[PDB]
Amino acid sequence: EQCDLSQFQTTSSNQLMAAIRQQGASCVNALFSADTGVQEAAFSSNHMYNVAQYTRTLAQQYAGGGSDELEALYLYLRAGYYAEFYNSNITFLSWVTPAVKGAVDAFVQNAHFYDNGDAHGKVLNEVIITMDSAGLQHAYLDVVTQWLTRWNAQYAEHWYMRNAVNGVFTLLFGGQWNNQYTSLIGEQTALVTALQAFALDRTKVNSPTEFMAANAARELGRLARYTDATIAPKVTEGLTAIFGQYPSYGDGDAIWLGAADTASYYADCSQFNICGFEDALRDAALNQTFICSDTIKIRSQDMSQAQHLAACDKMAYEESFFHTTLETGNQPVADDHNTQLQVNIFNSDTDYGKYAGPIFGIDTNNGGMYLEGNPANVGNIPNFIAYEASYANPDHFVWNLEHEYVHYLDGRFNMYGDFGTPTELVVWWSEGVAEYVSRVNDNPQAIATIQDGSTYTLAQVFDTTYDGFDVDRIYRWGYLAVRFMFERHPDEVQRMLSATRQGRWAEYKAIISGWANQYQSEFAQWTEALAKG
């Protein structure tokens, strides 16, 4: 029943292995995020070697049907390498990894390694991940080829089999930083052939395994970087087959686009005659057009007329509330011709992930993106890009519609020059004002981050960056800092904006560093009255 993490903080391998098998894989999970005290005790080189030896002989005896103990043991072993990476106090001696490779081989060579089934899939998942976590990607290319060859609809029925076998592609990805692997990968013609066939299996399209086919396509495209190798004609032959068999937009385009993403990074699009696919993709994927007004155009993938209307109506609303709150006088900053805005809305975050990168040139591991372009250019039309979501705001249900729209208004009326122009950090303001103008006082997560005990000073908020993408600090605490100033010192907000509206970034920074000294006490008390009321 209950996890007892202290049992793992021990010098006895027997007590350690008793804790693994008796607490099971779900308690061993705690070791990933445990204190450096527990990690250092549990993941000594002695423990790893002894656990690996016992794991090797239990795996030799495996007779199918799954194993909670093996699952927990290989989970432990791969947790050690995780801790070895993140914990400086932890470095494995040279004789550990050969023993871990002994434990993995024992499972690989067991007659049941390629068994089908959900319980088996659970252990298999941990073994395949360990191949990656232990830097052994060079040792199992023939295992990858076997799994790619043997996969079929019967394996596909089990979630844990899909999840486990998908780990071969993470292994091919991880091999890039494995000098044995990159020394070997150029001769693996059988593996390349099996990757081609796996991705080209049309029965995976629109199935629960399509995502595996897309991963196979991606990993294949990475192999185009070995331009001289024995595998190079077959890699090229495989990529050509994928691009010609699947559409860039339609059923299976995740496979097409998966290949395109990596193949373009390591070779040129002209080899496969796919240069400039993004334009036809933009027209096919964003095939609806709705003209809100002469200043806002929507291009969308699949929205209803009612969503279009509610989106137009909501943006017109935010515009007038923005201009009143920011005291713009409707006067844009200088050298900004961004009178017209183009709004691009995909059907879902999945579609955004597939399509927005190529069409717009952006990262898509986020909730949306605003692209100001160059306001000084006559004919510049900025774009924000977003996706429909069930949890978005009715009646449009476009995730971050109001948020991105305020980015456009902020960029045109508060922030001189294009996006990269400032020479000081403006993240707290840009994101804070985008949240505050669009949510005003409805922000439960902002209240929550006050009540949970972890807080930020004004000084820390102003020095916030996108590094690590700390959503709490960026969006919640940016929101609080902005809201606090508009409520308690809106006249100081205008003094700041006099600077930002003229590009005077050093004066802007001197102004808000003054705030971080004057108003910290007032801000601290204010966040408390917010968490109380």
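Heads up: residue numbers just count along the shown sequence, starting at 1.
Quick check on the record: does 238-246 or 398-406 carry the larger mean Cα temperature factor? Between 398-406 and 238-246, it is 238-246.
If you average the Cα B factors in the entry, which is higher, 440-448 or 426-434? Of 440-448 and 426-434, the stretch with the higher C-alpha B-factor average is 440-448.
Highest-ranked of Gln342, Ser454, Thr262, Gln137 once sorted by CA temperature factor in the record: Comparing C-alpha B-factors across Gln342, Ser454, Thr262, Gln137, the maximum falls on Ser454.
Say you rank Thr189, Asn116, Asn125, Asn87 by Cα B-factor from the PDB entry; which sits at the top? That would be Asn87, according to the entry.
Modelled-residue ranking by C-alpha temperature factor, third containing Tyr62: For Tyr62, whose C-alpha B-factor we compare with every modelled residue in the chain, the answer is the middle third.
Taking the values exactly as deposited, rank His489 by C-alpha B-factor within its chain and report the matching third: lowest, middle or highest. Top third by C-alpha B-factor.
Third of the chain, ranked by Cα B-factor, where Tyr352 sits: Answer is middle: the recorded C-alpha B-factor places it there.
Ranking every modelled residue in this chain by its Cα temperature factor as given in the entry, which third contains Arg282? Ranked within chain, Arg282 CA B lands in the middle tercile.
According to the PDB entry, is the CA B factor of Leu70 in the bottom, middle or top third of its chain, that is, lowest, middle or highest? Within its chain, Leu70 is a lowest-third residue by C-alpha B-factor, going by the deposited values.
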